[PDB]
């Protein structure tokens, strides 16, 4: 069952077409409510953290971190989504080509609080973006093709400082009922991916079934939030 979606794929071009055609149902216009609940503690006592958002879309919470004085980096293959982030958050920005990745670009807020790399996360290591105190992962690990999970996890691990907090949101549902994204990523997979190098703790399990999931086929959907930290 954890293997049912093992061969499913969305490509980089499919994701870019979703943005062009406005198939962006993943986006949360009010921001993620579990992060909101856990944010203070996530940041508790710390100043000027470097925070990474994989597969960031136009995630409005990048502004939450930037407003609190933390440095934010995201990676997103869609230039449309990146430009929409800055428009929606009312921020000016520069654009620079990325010399190490053909065709790619980096978009930075005017005083540098937020830098969004327009490229694949699988190419991002060549952009020399350093390491992070915090990672917020929502619609990211669950968006990655299942076949790419090992590669994805090693990149996330390579981006962590020695001390870190890594919050990851997954969704539990019957994967024989729906072909992702968002893919089904159970606890056991999280543990396969990160548990030798991370301590884990489940923080939350919440009902996410919306009737919009009805015709999907789903009669259960729960969102789970995990906190990963140094072993």
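Positions refer to the first chain, counted from 1.
As listed in the deposited structure, the average C-alpha B-factor of 26-34 and of 51-59 is greater for 26-34. For the pair 102-110 and 125-133, the record assigns the higher mean C-alpha temperature factor to 125-133.
In this PDB entry, the Cα temperature factor of residue 43 sits in the top third of its chain's modelled residues, the highest group. Annotation for residue 66: CA B-factor lies in the lowest third of the chain's modelled residues. Remark: residue 208 belongs to the highest third of its chain, ranked by C-alpha B-factor as recorded.
Compared with the other modelled residues of the chain, the Cα B-factor recorded for residue 12 ranks in the lowest third.
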